[PDB]
C-alpha cells in the first residue's frame, strides 16, 4: 500500500518513507493529496528541528499548505463525499474550549496543526483530516490555488487585524512569500496603494508582477530614513504597516513609518527580545499587533479566488513531484524562488 511521506528526523535529517494508510474517524475524511506548498516553517524544522518551543521529539511528517481529493469519509460527515476537491485548513481544534467558542480557535492551546510537532503534516500521498476543516473547491479554482489559501490566509488574518480598508496606503516590509501574500490581501481588502521594501532587486521585481504599487530597495538606510523614503513615495505616512521579515531594524522602521493612530502588524519571526522605540509608537497611538496563523479565512479566500478577485498564481515558481521532495526543500532554502509546490498525485501533476 503506497503512501510515500516526507519526514524530518532531526536537524538536517530528511527522509522519504512509506506510511500506513490513515483511517478516518467518524468526523474525518481521507484525502488523496494533490498539491502541497512548502514554506520557511517546513525548512526551519528541516534545518534546526525546532521553531522556538515547538520541538521535533520524534520523526515528523512535514507539509501544511495543501489540497487534495476526498476518497473516503467518516460516518458523521455530510458536507463532503468521495470525489470532492478540497483545500485543507491545517489547524483543527480538538476541543470546544473558550477560544473556539469566542471565534478565535487559532489560539486554542490543544489545536491540531499539520507539521508543527508533534502533529504530522500532509506532504504524503494519503492524509486524514477533520472534515470541518476541509473546504470544497469550485471547479474554476485549481488544486494549487487551493494549496495557496494557507499562505494567503496568513496575509488575510494580518490585514484584518491591521484594519486595512478602502483607500489606505500600506507598507509591507519584505518581498518574500510572506510579504507577497500580505500585498495581495491588502489590495484585495481595498488598499489604494501598497509599497513593498526589500534588500533584493529580484524579490521586488516579483512583488511588482504580483501588484505592488511601489517598490523600495533598501541597503544601509536607518529606520528613520526608511520611514522617510516610504512617506516620500506614498505622499503620506501609511495607515498600516505589515512587517514580514522579523528583522529588528525593519520593525523599528515600521514604527517610524506608520501614520499616527495607525497599526503595525508583526508577521515575521524575530529574536526572543526586541529593542524598539516602543514609546515613539505608543505616544502616536500606533498599535502593535502580532498574529498567530489565522482563523476564519478559508471561506472568504475561496470566495475571492472563485470570483477571480485575487490572483495567487504568480507565487508558484517551481513544481516538483513528491519523489523529488529533498531537492524541492533545497530549492526552497536557497530562496531564489517564491512558492515551491510539490505534486503528490501520480494520476495528475497539473496546477
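Residue numbers count along the first chain shown, from 1.
The mean Cα B-factor in the deposited entry runs higher for 72-80 than for the other of 72-80 and 125-133. In this entry, 10-18 shows the higher mean Cα temperature factor of the pair 10-18 and 325-333. For the set 316, 305, 60, 286, the PDB entry puts the maximum C-alpha B factor at 60. Residue set 254, 174, 155, 270: peak C-alpha B-factor at 270 (per PDB entry). When the modelled residues of the chain are ordered by C-alpha B-factor, residue 34 sits in the middle third.
Per the PDB record, residue ranking by Cα B-factor puts residue 274 in the highest third of the chain. For residue 54, the recorded CA B-factor ranks within the highest third of the chain. Only modelled residues enter the ranking. In the PDB entry, residue 109 places in the middle third of its chain by CA B-factor.
Sorting the modelled residues of the chain by their CA temperature factor places residue 194 in the lowest third.
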